[PDB]
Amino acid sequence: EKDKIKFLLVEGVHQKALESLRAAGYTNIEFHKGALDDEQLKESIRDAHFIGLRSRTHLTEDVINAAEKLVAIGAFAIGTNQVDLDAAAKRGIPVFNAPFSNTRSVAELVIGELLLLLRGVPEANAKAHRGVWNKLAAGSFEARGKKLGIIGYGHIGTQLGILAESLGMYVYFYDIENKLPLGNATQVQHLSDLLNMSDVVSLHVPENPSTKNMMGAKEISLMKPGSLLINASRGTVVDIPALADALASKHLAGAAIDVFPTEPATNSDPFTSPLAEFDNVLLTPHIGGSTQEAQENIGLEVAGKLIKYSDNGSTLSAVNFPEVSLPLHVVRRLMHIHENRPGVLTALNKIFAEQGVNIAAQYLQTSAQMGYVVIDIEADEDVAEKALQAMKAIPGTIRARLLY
């Protein structure tokens, strides 16, 4: 019956999501190359079991209400701000994403930008397109020999460090968790001392109160004069007026910014920034993530996360939902989603005790207000089909399924 399970894919996810899905039997797929209208969406999602969307579709409480058959949501993207998770949670629908499929794409972007920034290319190039010729060597540098200071040594920070070392830089980092340095990286205990020694400082941190304006005047002023600050992390992490002044005073020699406190909503919208007045600043429209390889990594991972929720019930890594996962070890398995309150499990288990059916394995995890329980029982179809009926009738039940 997989062929009767519908997958609606909007905004054109990578073709590899399709391959990895048609490899798992789910062949009933409506694919669109672009974002649907305030209204054709709803018509299309109505009998969809799985929807796959990107950063531009707004999966709002109004729209999820439209969807009578919806089972799980797959965001082929890093963010989920475009989805009402609380809406999906209430209806028993997990939402999955791809928070780390972009690593390489971002590191490689930071290497090229620091190669050309260190060389003054971005300025030479803007003058060139304006018919001005600006040769000089004064203040142009190669990267081999330079110090790179990476702030935030997680997935991307560590790939970058490695890349940079290939080019002969001395990598140095600062993270809040103590870490195990790869290669020759070197942890620095105080931020201010990372800043003083760094020819190039690159931010690779998450978004939150600890990161709101982490790089402000005070921190920028600590940077080594003549240095470059590159930020492809979060738009909230550097102070733009403060960077603008530091660029103006030539205290920095340049910058690359991929993310801004306010980003235009669409390509059609206009982009405005006080940094646009600087030739020696790379400004990109949030594309550190935007490669076909990441599109592909993302395609594979989020489709596999939907395949697994569909096949064996796993909600490992779900964003809005209790995480649960059981090793496949026995024919016959079911799941049950319910209001997290006293007595539900007991009722559930009774359906089998009271008829001599043996429970092989069970995993239950709860949220403030909901529970996911996956159970493996030694029974046959008829018995299960029946237990499923009964489970569905359990006061507090939101939904339940017979996975196999």
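Residue positions are given as counts along the sequence shown, with the first one as 1.
Higher-scoring stretch by recorded Cα B factor average, 234-242 or 116-124: It is 234-242 that shows the higher mean C-alpha B-factor.
I need to verify one thing: averaged over C-alpha atoms only, is the B-factor higher for 184-192 or for 244-252? On average, C-alpha B-factors are higher across 184-192.
Could you tell me which one of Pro270, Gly304, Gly288, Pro327 shows the highest CA temperature factor in the PDB record? If I rank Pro270, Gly304, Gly288, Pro327 by C-alpha B-factor, first place goes to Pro270.
Out of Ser227, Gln295, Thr315, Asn178, which shows the largest CA B-factor listed in the entry? Result of the comparison over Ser227, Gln295, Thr315, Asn178: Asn178.
Could you look up the Cα B-factor of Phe260 in the entry and say which third of the chain it sits in: lowest, middle or highest? CA B-factor rank for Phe260: middle third.
Among modelled residues of the same chain, the CA temperature factor third for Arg333: Middle third of the chain for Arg333's C-alpha B-factor.
Relative to the other modelled residues in the chain, which third contains the C-alpha temperature factor of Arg144: lowest, middle or highest? Middle third by C-alpha B-factor.
Split the chain's modelled residues into thirds by Cα B-factor; is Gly216 in the lowest, middle or highest one? Answer is middle: the recorded C-alpha B-factor places it there.
Pull the Cα B-factor of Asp279 out of the PDB entry and bin it into the chain's lowest, middle or highest third. It falls in the bottom third of the chain.
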